[PDB]
Amino acid sequence: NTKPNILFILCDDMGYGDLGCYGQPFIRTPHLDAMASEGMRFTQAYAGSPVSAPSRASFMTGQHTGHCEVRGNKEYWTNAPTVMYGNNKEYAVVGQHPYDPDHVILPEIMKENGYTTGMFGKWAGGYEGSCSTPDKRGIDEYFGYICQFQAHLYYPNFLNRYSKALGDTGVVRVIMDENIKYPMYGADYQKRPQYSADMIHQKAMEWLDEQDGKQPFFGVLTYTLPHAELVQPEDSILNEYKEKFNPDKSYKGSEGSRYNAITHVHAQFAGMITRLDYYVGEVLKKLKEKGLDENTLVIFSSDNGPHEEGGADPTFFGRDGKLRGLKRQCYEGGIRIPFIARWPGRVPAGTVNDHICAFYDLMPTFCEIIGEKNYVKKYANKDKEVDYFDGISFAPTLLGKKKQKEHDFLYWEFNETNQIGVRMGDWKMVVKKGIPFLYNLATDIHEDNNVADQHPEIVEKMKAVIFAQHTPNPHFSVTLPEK
Ligand SMILES: CC(=O)N[C@@H]1[C@@H](O)[C@H](O[C@@H]2O[C@H](CO)[C@H](O)[C@H](O)[C@H]2O)[C@@H](CO)O[C@H]1O
Ligand SMILES: [Ca+2]
């Protein structure tokens with residue numbers, strides 16, 4: 001301990017069944033499988049939300065989406081002025097709805113505990129010049145995509161940086177000086193040579209290189225893989241899967257979505273996950289090389305369930321999977337995610353953990369690990385009517401030990417599919433357009449058999465949770481069930 005280092009590798013749109021160690025049959029994930037072998041594989045860990053921005057917001061704020069300022073994907077670039085990068089028209093302001101500036105986020109707690117903070121990849125927590133950019137919210141070294149929409153292109157016009165070390169005064173843009181010579185869409189797009197996932201990992205690894213045993217570090221590696229578009233370097237990883245998958249399918253492109261057309265989509269998606277796995281192997285190798293392995297907790301997870309964008313084929317990859325649904329659904333497949341922890345000599349090796357937990361638990365979990373006691377009394381905003389903190393530390397079960405507290409419920413709400421999810425032990429409610437559906441995850445893991453009619457008292461108990469946990473948010477609307 002003595003303030004352990006923490007790396008949180010949070011990937012983008014990877015399903016529960018997309019890793020080898022969670023049963024994926026078609027994709028090699030040797031480094032994450034070995035991480036699991038040496039660590040703890042969580043079987044009932046959940047995203048903050050079935051989509052990116054609120055799931056990441058839940059992790060950052062320690063709040064469920066009945067309370068969180070961010071409960072959906074909200075764009076601030078739609079009406080932004082245009083800037084030219086070569087012949088390419090680009091938005092002059094990018095990004096999503098900002099985190100509440102009056103509610104603490106995890107990096108700020110780590111800064112108050114004497115940590116240095118890094119974040120490499122997707123921010124998705126406020127647009128350029130907003131009150132919630134990484135510079136303003138406790139990140140010392142940031143490199144990647146401020147904007148989730150920008151992140152659709154793996155060969156973008158620019159990336160974003162805030163580097164204390166370089167004396168940046170705020171977030172800046174780093175132009176991809178080779179990429180902007182070519183179009184953003186069509187036959188010449190793949191002439192772009194500056195691949196963001198490699199560049200962002202290289203910046204993360206340069207940052208990890210600078211760390212030593214002295215000052216504790218907190219790194220958030222929000223790598224965009226395997227989020228669409230399904231375009232990557234045409235290298236030995238991709239070619240392995242072009243050889244393996246036969247026949248394969250293709251994707252015609254969506255210029256409006258910034259998803260380029262591509263061929264061999266099974267090979268592209270498998271390649272993206274094996275590429276990400278190789279990045280994780282490089283992180284773990286670096287910690288060992290620097291003598292930091294025994295004092296660093298590494299967690300790998302995904303922000304939400306599997307996707308069907310840019311040529312992704314979750315039906316194909318889901319052949320052996322147990323959970324129903326995709327990204328944007330409050331069915332188990334939208335919200336239950338891979339979650340692997342490794343901390344040699346602290347987290348018991350080769351374990352499975354069934355503890356029911358969600359991303360809003362990470363804030364109290366980390367606070368417990370770093371010895372930050374009574375974090376709510378310390379960080380709660382006294383100027384608010386009420387400052388919500390929804391998490392329960394799972395530091396005890398992570399460290400194999402006693403006094404592990406249990407949630408009465410987990411809670412999700414999501415505007416685009418108009419859904420509310422509640423999990424109370426074996427019981428799972430999905431509200432769809434205000435109508436409750438009820439499933440037993442012990443007898444019906446795939447949520448095939450709506451049994452609301454057989455359990456009216458359970459339906460009322462779980463609706464009571466919704467009525468108690470949902471507070472109004474003027475930006476993100478869901479239909480509550482009838483009272
Ligand atoms: C104009 C518009 O919103 N375009 C959408 C795409 O954004 C959308 O993709 C989603 O983009 C959001 C951006 O915050 C986020 O990256 C999601 O993960 C992603 O799915 C796409 C839906 O497939 O449709 C376009 O019309
Ligand atoms: Ca995502």
# chains A, B, ... in the order shown; residues from 1 in each chain; ligands from 1
call {"tool": "residues_near_ligand", "arguments": {"ligand": "ligand 2", "cutoff": "9 Å", "atoms": "only C-alpha atoms and all ligand atoms", "output": "ChimeraX atom specification"}}
result
/A:11-14,50-53,55-56,148,224,226-227,302-307,327
call {"tool": "write_last_selection", "arguments": {"atoms": "N, CA, C and O atoms", "output": "CSV table (one decimal), in the first residue's frame"}}
result
chain,number,residue,atom,x,y,z
A,11,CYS,N,-11.8,0.4,-21.7
A,11,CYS,CA,-11.9,0.4,-23.1
A,11,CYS,C,-13.4,0.7,-23.5
A,11,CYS,O,-14.1,1.1,-22.6
A,12,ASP,N,-13.7,0.7,-24.7
A,12,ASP,CA,-14.9,1.4,-25.3
A,12,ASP,C,-15.7,0.4,-26.1
A,12,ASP,O,-15.3,0.0,-27.2
A,13,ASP,N,-16.9,0.1,-25.6
A,13,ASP,CA,-17.9,-0.8,-26.3
A,13,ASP,C,-17.4,-2.2,-26.5
A,13,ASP,O,-17.8,-2.9,-27.5
A,14,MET,N,-16.8,-2.8,-25.4
A,14,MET,CA,-16.4,-4.2,-25.4
A,14,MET,C,-17.4,-4.9,-24.5
A,14,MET,O,-17.7,-4.5,-23.3
A,50,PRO,N,-25.7,2.0,-20.1
A,50,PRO,CA,-25.5,1.2,-21.3
A,50,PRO,C,-24.9,2.0,-22.5
A,50,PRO,O,-24.8,1.4,-23.6
A,51,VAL,N,-24.5,3.3,-22.3
A,51,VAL,CA,-23.7,4.1,-23.3
A,51,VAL,C,-22.6,4.8,-22.6
A,51,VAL,O,-22.4,4.8,-21.4
A,52,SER,N,-21.7,5.4,-23.5
A,52,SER,CA,-20.3,5.8,-23.1
A,52,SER,C,-20.3,7.0,-22.1
A,52,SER,O,-19.7,6.9,-21.1
A,53,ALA,N,-20.9,8.1,-22.5
A,53,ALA,CA,-20.7,9.4,-21.7
A,53,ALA,C,-21.2,9.2,-20.2
A,53,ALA,O,-20.5,9.5,-19.3
A,55,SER,N,-21.8,6.4,-18.5
A,55,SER,CA,-21.0,5.3,-17.9
A,55,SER,C,-19.7,5.8,-17.3
A,55,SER,O,-19.4,5.6,-16.2
A,56,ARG,N,-19.0,6.6,-18.2
A,56,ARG,CA,-17.7,7.3,-17.7
A,56,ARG,C,-18.0,8.3,-16.7
A,56,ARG,O,-17.3,8.4,-15.7
A,148,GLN,N,-16.2,12.3,-28.1
A,148,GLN,CA,-16.6,10.9,-28.5
A,148,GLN,C,-16.9,10.8,-29.9
A,148,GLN,O,-16.7,9.7,-30.5
A,224,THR,N,-9.9,3.9,-27.1
A,224,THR,CA,-11.1,3.9,-27.8
A,224,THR,C,-11.4,2.5,-28.4
A,224,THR,O,-12.6,2.3,-28.8
A,226,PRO,N,-12.6,-1.4,-28.6
A,226,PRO,CA,-12.9,-1.6,-30.0
A,226,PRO,C,-14.1,-0.9,-30.6
A,226,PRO,O,-14.8,-1.5,-31.4
A,227,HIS,N,-14.3,0.4,-30.2
A,227,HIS,CA,-15.4,1.3,-30.7
A,227,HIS,C,-15.1,1.5,-32.2
A,227,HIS,O,-14.0,1.6,-32.7
A,302,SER,N,-14.6,-2.2,-19.4
A,302,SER,CA,-15.2,-1.7,-20.6
A,302,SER,C,-16.4,-0.7,-20.2
A,302,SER,O,-17.0,-1.0,-19.2
A,303,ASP,N,-16.6,0.3,-20.9
A,303,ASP,CA,-17.6,1.3,-20.5
A,303,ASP,C,-19.1,0.9,-20.7
A,303,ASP,O,-19.9,1.5,-20.0
A,304,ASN,N,-19.3,-0.1,-21.5
A,304,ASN,CA,-20.7,-0.5,-21.8
A,304,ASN,C,-20.7,-1.8,-22.6
A,304,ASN,O,-19.6,-2.2,-23.0
A,305,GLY,N,-21.8,-2.4,-23.0
A,305,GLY,CA,-21.9,-3.7,-23.7
A,305,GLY,C,-21.5,-3.5,-25.1
A,305,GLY,O,-21.1,-2.5,-25.6
A,306,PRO,N,-21.6,-4.7,-25.9
A,306,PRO,CA,-21.0,-4.8,-27.2
A,306,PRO,C,-21.9,-4.0,-28.2
A,306,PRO,O,-23.1,-3.7,-28.0
A,307,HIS,N,-21.2,-3.6,-29.3
A,307,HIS,CA,-21.8,-2.7,-30.3
A,307,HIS,C,-22.1,-3.4,-31.6
A,307,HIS,O,-21.6,-4.4,-31.9
A,327,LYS,N,-25.1,-2.7,-26.2
A,327,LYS,CA,-25.0,-1.2,-26.0
A,327,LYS,C,-26.4,-0.5,-26.2
A,327,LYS,O,-27.0,-0.9,-27.3
call {"tool": "residues_near_ligand", "arguments": {"ligand": "ligand 1", "cutoff": "7 Å", "atoms": "only C-alpha atoms and all ligand atoms", "output": "list in words"}}
result
residues 51, 52, 73, 74, 75, 78, 96, 148, 149, 152, 256, 257 and 309 of chain A
call {"tool": "write_last_selection", "arguments": {"atoms": "C-alpha atoms", "output": "PDB file, in the first residue's frame"}}
result
ATOM      1  CA  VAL A  51     -23.750   4.072 -23.272  1.00  0.00           C
ATOM      2  CA  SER A  52     -20.338   5.812 -23.117  1.00  0.00           C
ATOM      3  CA  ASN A  73     -24.684  11.356 -25.021  1.00  0.00           C
ATOM      4  CA  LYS A  74     -25.274  15.119 -25.609  1.00  0.00           C
ATOM      5  CA  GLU A  75     -23.324  16.864 -28.415  1.00  0.00           C
ATOM      6  CA  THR A  78     -23.457  20.251 -33.906  1.00  0.00           C
ATOM      7  CA  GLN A  96     -20.097  16.382 -24.910  1.00  0.00           C
ATOM      8  CA  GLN A 148     -16.608  10.910 -28.450  1.00  0.00           C
ATOM      9  CA  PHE A 149     -17.737  11.832 -32.016  1.00  0.00           C
ATOM     10  CA  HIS A 152     -15.073   7.652 -34.526  1.00  0.00           C
ATOM     11  CA  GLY A 256     -22.376  11.264 -41.299  1.00  0.00           C
ATOM     12  CA  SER A 257     -21.215   8.907 -38.491  1.00  0.00           C
ATOM     13  CA  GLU A 309     -21.620  -0.045 -35.411  1.00  0.00           C
TER      14      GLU A 309
END
call {"tool": "select_by_dssp", "arguments": {"residues": "stretch 98-336 of chain A", "states": "strand (DSSP E or B)", "output": "PyMOL selection string"}}
result
chain A and resi 116-121+141-144+158-163+172-175+217-222+250-251+254+259+262-263+296-302+336
call {"tool": "residues_around", "arguments": {"residues": "residue A:474", "least_positions_apart": "3", "cutoff": "12 Å", "atoms": "only C-alpha atoms", "output": "PyMOL selection string"}}
result
chain A and resi 67-72+415+471+477-478
call {"tool": "write_last_selection", "arguments": {"atoms": "N, CA, C and O atoms", "output": "PDB file, in the first residue's frame"}}
result
ATOM      1  N   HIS A  67     -29.040  10.146 -10.571  1.00  0.00           N
ATOM      2  CA  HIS A  67     -28.534  11.383  -9.919  1.00  0.00           C
ATOM      3  C   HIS A  67     -27.577  12.181 -10.807  1.00  0.00           C
ATOM      4  O   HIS A  67     -27.500  13.412 -10.632  1.00  0.00           O
ATOM      5  N   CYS A  68     -26.813  11.511 -11.662  1.00  0.00           N
ATOM      6  CA  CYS A  68     -25.640  12.105 -12.342  1.00  0.00           C
ATOM      7  C   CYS A  68     -26.075  13.217 -13.298  1.00  0.00           C
ATOM      8  O   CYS A  68     -27.121  13.091 -13.939  1.00  0.00           O
ATOM      9  N   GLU A  69     -25.277  14.273 -13.397  1.00  0.00           N
ATOM     10  CA  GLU A  69     -25.497  15.401 -14.338  1.00  0.00           C
ATOM     11  C   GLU A  69     -25.550  14.854 -15.771  1.00  0.00           C
ATOM     12  O   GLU A  69     -26.347  15.368 -16.585  1.00  0.00           O
ATOM     13  N   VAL A  70     -24.703  13.868 -16.067  1.00  0.00           N
ATOM     14  CA  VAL A  70     -24.576  13.240 -17.411  1.00  0.00           C
ATOM     15  C   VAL A  70     -25.296  11.891 -17.357  1.00  0.00           C
ATOM     16  O   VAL A  70     -24.843  11.006 -16.643  1.00  0.00           O
ATOM     17  N   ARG A  71     -26.349  11.739 -18.155  1.00  0.00           N
ATOM     18  CA  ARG A  71     -27.163  10.491 -18.198  1.00  0.00           C
ATOM     19  C   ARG A  71     -27.301   9.992 -19.635  1.00  0.00           C
ATOM     20  O   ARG A  71     -27.987   8.996 -19.860  1.00  0.00           O
ATOM     21  N   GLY A  72     -26.626  10.641 -20.572  1.00  0.00           N
ATOM     22  CA  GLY A  72     -26.748  10.320 -22.002  1.00  0.00           C
ATOM     23  C   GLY A  72     -25.644  10.971 -22.776  1.00  0.00           C
ATOM     24  O   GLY A  72     -24.783  11.600 -22.154  1.00  0.00           O
ATOM     25  N   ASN A 415     -32.051   7.482 -21.734  1.00  0.00           N
ATOM     26  CA  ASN A 415     -33.067   8.209 -22.529  1.00  0.00           C
ATOM     27  C   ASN A 415     -33.291   7.550 -23.896  1.00  0.00           C
ATOM     28  O   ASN A 415     -34.464   7.477 -24.291  1.00  0.00           O
ATOM     29  N   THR A 471     -33.979  11.298  -9.791  1.00  0.00           N
ATOM     30  CA  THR A 471     -34.218  12.754  -9.638  1.00  0.00           C
ATOM     31  C   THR A 471     -34.280  13.376 -11.029  1.00  0.00           C
ATOM     32  O   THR A 471     -33.649  12.869 -11.957  1.00  0.00           O
ATOM     33  N   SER A 477     -34.224  12.604 -20.350  1.00  0.00           N
ATOM     34  CA  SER A 477     -35.590  12.229 -19.910  1.00  0.00           C
ATOM     35  C   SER A 477     -35.813  10.731 -20.070  1.00  0.00           C
ATOM     36  O   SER A 477     -35.443  10.179 -21.113  1.00  0.00           O
ATOM     37  N   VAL A 478     -36.452  10.122 -19.079  1.00  0.00           N
ATOM     38  CA  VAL A 478     -36.988   8.732 -19.168  1.00  0.00           C
ATOM     39  C   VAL A 478     -38.410   8.760 -18.641  1.00  0.00           C
ATOM     40  O   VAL A 478     -38.723   9.616 -17.804  1.00  0.00           O
TER      41      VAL A 478
END
call {"tool": "residues_around", "arguments": {"residues": "stretch 266-274 of chain A", "least_positions_apart": "4", "cutoff": "9 Å", "atoms": "only C-alpha atoms", "output": "PyMOL selection string"}}
result
chain A and resi 14+18-19+26-30+225-228+230-232+237-245+248-250+262+278-279+311-313+316-317
call {"tool": "select_by_dssp", "arguments": {"residues": "stretch 170-221 of chain A", "states": "alpha helix (DSSP H)", "output": "list in words"}}
result
residues 196, 197, 198, 199, 200, 201, 202, 203, 204, 205, 206, 207, 208 and 209 of chain A
call {"tool": "write_last_selection", "arguments": {"atoms": "N, CA and C atoms", "output": "tab-separated table (two decimals), in the first residue's frame"}}
result
chain	number	residue	atom	x	y	z
A	196	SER	N	-4.54	6.70	-34.27
A	196	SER	CA	-4.73	7.31	-32.93
A	196	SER	C	-4.49	6.29	-31.82
A	197	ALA	N	-4.87	5.03	-31.98
A	197	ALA	CA	-4.83	4.08	-30.84
A	197	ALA	C	-3.36	3.83	-30.51
A	198	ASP	N	-2.50	3.74	-31.53
A	198	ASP	CA	-1.03	3.58	-31.33
A	198	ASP	C	-0.46	4.84	-30.70
A	199	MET	N	-0.86	6.01	-31.21
A	199	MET	CA	-0.26	7.29	-30.75
A	199	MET	C	-0.66	7.51	-29.29
A	200	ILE	N	-1.93	7.26	-28.96
A	200	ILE	CA	-2.42	7.49	-27.57
A	200	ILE	C	-1.73	6.51	-26.63
A	201	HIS	N	-1.60	5.24	-27.02
A	201	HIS	CA	-0.90	4.25	-26.15
A	201	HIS	C	0.56	4.68	-26.00
A	202	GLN	N	1.20	5.13	-27.08
A	202	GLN	CA	2.62	5.58	-27.00
A	202	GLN	C	2.72	6.72	-25.99
A	203	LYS	N	1.79	7.68	-26.00
A	203	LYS	CA	1.83	8.80	-25.01
A	203	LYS	C	1.60	8.28	-23.59
A	204	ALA	N	0.69	7.33	-23.41
A	204	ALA	CA	0.45	6.73	-22.08
A	204	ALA	C	1.74	6.06	-21.57
A	205	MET	N	2.43	5.34	-22.45
A	205	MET	CA	3.66	4.57	-22.11
A	205	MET	C	4.80	5.55	-21.82
A	206	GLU	N	4.88	6.64	-22.57
A	206	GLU	CA	5.89	7.70	-22.26
A	206	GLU	C	5.64	8.25	-20.84
A	207	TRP	N	4.38	8.51	-20.49
A	207	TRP	CA	3.97	9.00	-19.15
A	207	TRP	C	4.31	7.96	-18.07
A	208	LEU	N	3.99	6.69	-18.31
A	208	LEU	CA	4.28	5.62	-17.32
A	208	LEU	C	5.81	5.55	-17.11
A	209	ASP	N	6.59	5.68	-18.20
A	209	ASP	CA	8.07	5.69	-18.20
A	209	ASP	C	8.60	6.71	-17.20
call {"tool": "residues_around", "arguments": {"residues": "residue A:346", "least_positions_apart": "5", "cutoff": "9 Å", "atoms": "only C-alpha atoms", "output": "MDAnalysis selection string"}}
result
chainID A and resid 1 294 297 398:400
call {"tool": "write_last_selection", "arguments": {"atoms": "C-alpha atoms", "output": "PDB file, in the first residue's frame"}}
result
ATOM      1  CA  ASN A   1       0.000   0.000   0.000  1.00  0.00           C
ATOM      2  CA  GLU A 294       3.930  -5.073  -6.455  1.00  0.00           C
ATOM      3  CA  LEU A 297      -3.303  -2.043  -8.844  1.00  0.00           C
ATOM      4  CA  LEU A 398     -11.071  -7.116  -4.056  1.00  0.00           C
ATOM      5  CA  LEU A 399      -8.473  -7.891  -1.337  1.00  0.00           C
ATOM      6  CA  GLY A 400     -10.228 -11.273  -0.580  1.00  0.00           C
TER       7      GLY A 400
END
call {"tool": "atom_distance", "arguments": {"atom1": "atom CA of residue A:379", "atom2": "atom CA of residue A:340"}}
result
27.9 Å
call {"tool": "residues_around", "arguments": {"residues": "residue A:356", "least_positions_apart": "2", "cutoff": "10 Å", "atoms": "only C-alpha atoms", "output": "list in words"}}
result
residues 42, 43, 44, 45, 46, 353, 354, 358, 394, 406, 407, 408, 409, 410, 423, 424 and 425 of chain A
call {"tool": "residues_around", "arguments": {"residues": "stretch 162-166 of chain A", "least_positions_apart": "3", "cutoff": "6 Å", "atoms": "only C-alpha atoms", "output": "PDB file with N, CA, C and O atoms, in the first residue's frame"}}
result
ATOM      1  N   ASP A 140      -3.264  15.932 -14.613  1.00  0.00           N
ATOM      2  CA  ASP A 140      -1.948  16.597 -14.839  1.00  0.00           C
ATOM      3  C   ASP A 140      -1.484  16.388 -16.286  1.00  0.00           C
ATOM      4  O   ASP A 140      -0.919  17.316 -16.852  1.00  0.00           O
ATOM      5  N   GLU A 141      -1.689  15.196 -16.840  1.00  0.00           N
ATOM      6  CA  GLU A 141      -1.229  14.802 -18.195  1.00  0.00           C
ATOM      7  C   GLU A 141      -2.402  14.130 -18.904  1.00  0.00           C
ATOM      8  O   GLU A 141      -2.807  13.058 -18.497  1.00  0.00           O
ATOM      9  N   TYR A 142      -2.923  14.801 -19.917  1.00  0.00           N
ATOM     10  CA  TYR A 142      -3.998  14.311 -20.780  1.00  0.00           C
ATOM     11  C   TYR A 142      -3.517  14.249 -22.228  1.00  0.00           C
ATOM     12  O   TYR A 142      -2.903  15.211 -22.738  1.00  0.00           O
ATOM     13  N   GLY A 170      -3.930  25.129 -21.030  1.00  0.00           N
ATOM     14  CA  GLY A 170      -5.247  24.471 -21.099  1.00  0.00           C
ATOM     15  C   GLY A 170      -5.199  23.389 -22.151  1.00  0.00           C
ATOM     16  O   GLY A 170      -4.110  23.087 -22.648  1.00  0.00           O
ATOM     17  N   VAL A 171      -6.332  22.797 -22.502  1.00  0.00           N
ATOM     18  CA  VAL A 171      -6.340  21.796 -23.593  1.00  0.00           C
ATOM     19  C   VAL A 171      -5.981  22.511 -24.895  1.00  0.00           C
ATOM     20  O   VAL A 171      -6.465  23.627 -25.138  1.00  0.00           O
TER      21      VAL A 171
END
call {"tool": "closest_residue", "arguments": {"among": "A:33, A:229, A:38, A:112", "to": "residue A:367", "atoms": "only C-alpha atoms"}}
result
A:112
call {"tool": "atom_distance", "arguments": {"atom1": "atom CA of residue A:116", "atom2": "atom CA of residue A:293"}}
result
17.4 Å
call {"tool": "closest_residue", "arguments": {"among": "A:47, A:386, A:106, A:458", "to": "residue A:330", "atoms": "only C-alpha atoms"}}
result
A:47
call {"tool": "closest_residue", "arguments": {"among": "A:220, A:431, A:92, A:84", "to": "residue A:329", "atoms": "only C-alpha atoms"}}
result
A:431
call {"tool": "atom_distance", "arguments": {"atom1": "atom CA of residue A:301", "atom2": "atom CA of residue A:344"}}
result
18.2 Å
call {"tool": "closest_residue", "arguments": {"among": "A:119, A:480, A:113, A:347", "to": "residue A:468", "atoms": "only C-alpha atoms"}}
result
A:480
call {"tool": "closest_residue", "arguments": {"among": "A:217, A:437, A:154, A:389", "to": "residue A:331", "atoms": "only C-alpha atoms"}}
result
A:437
call {"tool": "closest_residue", "arguments": {"among": "A:462, A:276, A:323, A:395", "to": "residue A:441", "atoms": "only C-alpha atoms"}}
result
A:323
